[PDB]
Amino acid sequence: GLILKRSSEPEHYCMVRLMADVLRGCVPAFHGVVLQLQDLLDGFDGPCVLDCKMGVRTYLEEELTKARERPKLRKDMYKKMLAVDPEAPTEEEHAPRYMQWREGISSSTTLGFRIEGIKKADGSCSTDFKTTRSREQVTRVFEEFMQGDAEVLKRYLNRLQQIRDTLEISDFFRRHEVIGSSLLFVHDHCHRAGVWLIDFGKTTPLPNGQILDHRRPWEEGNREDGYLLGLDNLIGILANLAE
Ligand SMILES: Nc1ncnc2c1ncn2[C@@H]1O[C@H](COP(=O)(O)OP(=O)(O)O)[C@@H](O)[C@H]1O
């Protein structure tokens, strides 16, 4: 039971180091370049899955610089910033920003994480959470996803606390930008449950010896991502649901 990504570099490398970091248990086991990863669904019966995009900012600060010169005008995304609302400029109307617009209507800006999608035992799938922003709304999606199973919620919380601790002493995590990865929640009707970090497509190293705090606000040079601020809240939201 395995899975093959489509190997990119910041990820292969992100993987060649995680299998050597204290975070090894918090991510899919990596199995060389024969990308050969562990299938996190293999141990469940009818897998229920929820992918949480963790972070205050969802684009590499570097993608913003490189974007300051060359334009990336995709007309599809602007079909996106319109059919949702008129917030779009007269310049856009007639011709990163999308992502940072997505962060505000979403939950990434007010609590560093955002629900990307869900898969059920057989309720198929949904990615319709673009405006899920408030804490009450986040809980509602989680509350439904769990279906009253308190044993699953207990296990998800215990794992989040354990992940949080590992992240705080991880030197790898410490020396990196990490943007666009997710916390993938998985559980089944057998009460089985697990949580892992995935997506190391973005995630880059900082200057010689420089480190990130992962909780303070981002400013042009910070390269800060607010990842732990997102985890602090996600845990907060699940601990209250536990009542
Ligand atoms: N190791 C894995 N085991 C099982 N399912 C996975 C695994 N990695 C990814 N998935 C599934 O693939 C989706 C996208 O993976 P991700 O790394 O985020 O790809 P991309 O970077 O193209 O978005 C996840 O939300 C999840 O449903």
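We number each residue from 1, following the sequence as shown. The figures here come from the full heavy-atom set of this structure, side chains too, leaving out hydrogens, waters and symmetry mates.
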Apply side-chain hydrogen bond (donor to acceptor under 3.5 Å, both in side chains) to residues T166 and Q162 and explain how you reach the verdict. CA-CA 6 Å; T166 307; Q162 186 266 316; 3.2 Å; yes

Candidate pair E11 and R6, rule salt bridge (charged side-chain N to carboxylate O under 4.0 Å, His left out), full reasoning: CA-CA 10 Å; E11 182 166 58; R6 160 162 183 193; over 6 Å; no

Report the C-alpha separation of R174 and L206 in whole Å, then their side-chain angles, then the decisive distance to 0.1 Å, and conclude whether the side-chain contact (heavy atoms from CB on, under 4.5 Å) test is met. CA-CA 9 Å; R174 200 186 198 64; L206 299 194; over 6 Å; no

Would you please test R159 and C26 for side-chain contact (heavy atoms from CB on, under 4.5 Å) and show each step? CA-CA 9 Å; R159 174 55 156 181; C26 302; 4.3 Å; yes

Any chance you could lay out the side-chain contact (heavy atoms from CB on, under 4.5 Å) test for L229 and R216, step after step, and finish with the verdict? CA-CA 8 Å; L229 182 154; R216 58 164 172 284; over 6 Å; no

After noting the C-alpha distance and the side-chain angles of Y227 and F173, does the key distance pass the ring-ring contact (aromatic ring centres under 6.0 Å, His included) rule? CA-CA 10 Å; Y227 187 125; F173 179 65; 5.5 Å; yes

Is there a side-chain contact (heavy atoms from CB on, under 4.5 Å) between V56 and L111? Walk through the geometry before answering. CA-CA 7 Å; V56 148; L111 340 157; over 6 Å; no

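Atom CG of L50 is separated from atom CG of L184 by 8.0 Å, given to the nearest 0.5 angstrom. With rounding to the nearest 0.5 Å, the separation of CG in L228 from CZ in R215 is 5.0 Å. Atom-to-atom distance recorded for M54:CE and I163:CD1 is 8.5 Å, nearest 0.5 angstrom. Here CG of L153 is found 9.5 Å from CG of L160. Values are rounded to the nearest 0.5 Å. Taking CG from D165 and OG from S170, the interatomic distance works out to 12.0 Å, rounded to the nearest 0.5 Å. To the nearest 0.5 Å, atom CD1 of residue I118 and atom CG of residue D51 are 10.0 Å apart.
In terms of modelled atom types and a separation under 3.5 Å, the side chain of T132 and the main chain of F129 share a donor-acceptor contact. At distances below 3.5 Å, not a single donor-acceptor pair connects side-chain atoms of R155 with backbone N or O atoms of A193. With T139 contributing its side chain and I237 its backbone, the two residues share no donor-acceptor pair below 3.5 Å. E224 places no side-chain N or O within donor-acceptor distance of the main-chain N or O of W218, the cut-off being under 3.5 Å. With hydrogens and angles ignored, the 3.5 Å screen pairs a side-chain donor or acceptor of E61 with a backbone N or O of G221. A donor-acceptor pair under 3.5 Å links the side-chain atoms of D149 to the main chain of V152, judged by distance alone.
Counting heavy atoms from C-beta on, the side chains of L37 and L2 never come closer than 4.5 Å. Here the side chains of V84 and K130 are not in contact, with every heavy-atom distance at 4.5 Å or above. Counting heavy atoms from C-beta on, the side chains of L60 and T204 come closer than 4.5 Å. The closest side-chain heavy-atom distance from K5 to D199 is below 4.5 Å. Side chains of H12 and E9 form a contact here, defined as non-hydrogen atoms less than 4.5 Å apart. Taking 4.5 Å as the limit, some side-chain heavy atom of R57 sits within range of a side-chain heavy atom of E177. Side-chain contact between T109 and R114: absent, with no pair of heavy atoms (C-beta onward) separated by less than 4.5 Å. With a 4.5 Å cut-off on side-chain heavy atoms, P205 and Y13 count as touching.
Between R133 and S107, the side chains place no donor N or O within less than 3.5 Å of an acceptor N or O (distance only, hydrogens not considered). With no hydrogens or angles considered, no side-chain donor-acceptor pair links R135 and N240 at under 3.5 Å. Side-chain atoms of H214 and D225 include a donor-acceptor pair closer than 3.5 Å.
Applying the ring-ring contact (aromatic ring centres under 6.0 Å, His included) rule to pairs touching residues 189-212 yields nothing, sequence neighbours excluded.
Scanning all heavy atoms of the two residues, the minimum distance from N233 to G112 falls at ND2-N, 4.1 Å. Between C48 and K120, the closest heavy-atom pair is SG-C, 4.2 Å. For the residue pair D45 and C190, the shortest heavy atom distance occurs at OD2-SG, 4.3 Å. Residues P96 and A67 come closest through the heavy atom pair CG-CB, 4.3 Å. In plain terms, the two heavy atoms of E93 and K75 that are nearest each other are O-NZ, 4.1 Å. Nearest heavy atoms, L197 versus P28: O-CD, 3.3 Å.
Under the 4.5 Å side-chain heavy-atom criterion for grouping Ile, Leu, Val, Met, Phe, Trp and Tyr, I105 is not connected to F113 through any hydrophobic cluster. Under the 4.5 Å side-chain contact rule for hydrophobic residues, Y59 and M81 share a cluster. Linking ILVMFWY residues whenever their side-chain heavy atoms come closer than 4.5 Å, directly or via other members, places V195 and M146 in the same cluster. Residue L238 is grouped with residue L231 when hydrophobic side chains (ILVMFWY) are merged at heavy-atom distances under 4.5 angstrom, including chains of intermediate members. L183 and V49 are members of different hydrophobic clusters when ILVMFWY side chains are connected at heavy-atom separations under 4.5 Å.
Using a cut-off of 4.0 Å between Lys/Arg side-chain N and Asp/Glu carboxylate O, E136 and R140 are scored as salt-bridged. Taking 4.0 Å as the cut-off between side-chain N and carboxylate O, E62 and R223 count as a salt-bridged pair. With salt bridges taken as basic N to acidic carboxylate O contacts below 4.0 Å, none links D76 and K79. A salt bridge links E63 and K202; the closest N-O separation between the charged side-chain nitrogens and carboxylate oxygens is under 4.0 Å. Checked for salt-bridge contact, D232 and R164 meet the test: a charged N lies under 4.0 Å from a carboxylate O. Between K53 and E103, none of the side-chain N atoms (NZ, or NE/NH1/NH2) sits under 4.0 Å from a carboxylate O, so this pair counts as no salt bridge.
Residue-environment remark: CG (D128) stays at or below the threshold of 12 foreign heavy atoms within 6.0 Å. Counting heavy-atom neighbours within 6.0 Å of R24 CZ, excluding the residue itself, gives a total of 12 or less. Atom CZ of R97 has more than 12 heavy atoms from other residues, nucleotides or ligands within 6.0 Å. Crowding of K119 atom NZ: a count of heavy atoms from other residues, nucleotides or ligands under 6.0 Å not exceeding 12.
Annotation: ring pair (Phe, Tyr, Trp, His ring centres under 6.0 Å) contacts of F172 (sequence neighbours excluded): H176.
Annotation: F185 is not in aromatic contact with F145 [ring centroid separation under 6.0 Å not met]. For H187 and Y156, the gap between ring centers is short of 6.0 Å.
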